[PDB]
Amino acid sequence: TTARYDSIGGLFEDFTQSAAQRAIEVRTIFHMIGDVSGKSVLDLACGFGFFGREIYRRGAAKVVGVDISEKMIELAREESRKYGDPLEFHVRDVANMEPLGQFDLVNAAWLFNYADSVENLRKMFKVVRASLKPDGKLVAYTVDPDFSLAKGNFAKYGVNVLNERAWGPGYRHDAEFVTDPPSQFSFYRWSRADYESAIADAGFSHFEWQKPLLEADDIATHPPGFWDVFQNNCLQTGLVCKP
């Protein structure tokens, strides 16, 4: 098992602090999550641990993060040492992992768009269902199936999408985060039908897609038209699933 983000490392945090789109996805994700006081939380594809750590700061009781990258987990562990917080981390490929516990909330910000096959997409959703209490929920952030590179690039928002190539029944996109120097990565755009089948066959009886929450203050702080591609050719979507 290999990890692209072993070569990205601290550049990912640089991206989160410069990219115009990051504030929108953070707001949208916490809108979906809601109150976390007292809840047990599993943060999948956790990176340096941003969401799980913020969730702990907002009141969570137990927070575990999982990422495929040894480098990203080293950074996540370093952040928890700096702040003295109780987050625990594990290096795993979520597509192949065994349950680590039963959680009230699974957060998966930029997990499912790294599944490299529909088989692995379906395995990830099964792993998530097996990690959830019956009254729990999954909150996810992923690639909108309806994105099309022909309808405009996302470089100005922080993600330069290089191409769009067929990959089984979906598409693979090679991309760069807008950092200095740019950080290469690749992701997958699976169809809405394949997502919804993966969700149902994993045992989730309810799901909802959530469009990113752009606000008046975001519009005011950029030139006119800045957000047109973001709004009219969305690369990102939220997703909430319940057992």
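The first residue of the shown sequence is 1; numbering continues from there. In this text, rigid core is short for the largest set of C-alphas that superpose within 1.5 Å between two forms.
Between stretches 170-178 and 213-221, greater average Cα displacement in 6 other deposited structures of this protein relative to the shown form, fitted by the core, falls on 213-221. Per-stretch RMS Cα distance to the displayed form in 6 other deposited structures of this protein, following rigid core alignment, is highest for 95-103 when 95-103 and 136-144 are compared.
In this entry, the higher average B-factor at the C-alpha atoms falls on 197-205, of the pair 197-205 and 52-60. Comparing 130-138 with 98-106, the higher mean C-alpha B-factor in the PDB entry belongs to 98-106. Set against one another, the Cα B-factors of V161, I73, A166, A150 in the record reach their highest point at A166.
Annotation for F112: CA B-factor lies in the lowest third of the chain's modelled residues. Among all modelled residues in this chain, the alpha-carbon of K156 has a temperature factor (C-alpha) in the lowest third. Per the deposited record, the Cα B-factor of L42 falls in the middle third when ranked against the other modelled residues of its chain. When the modelled residues of the chain are ordered by their C-alpha B factor, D14 lands in the middle third. In the PDB entry, a CA B factor belonging to the highest third of its chain's modelled residues is recorded for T221.
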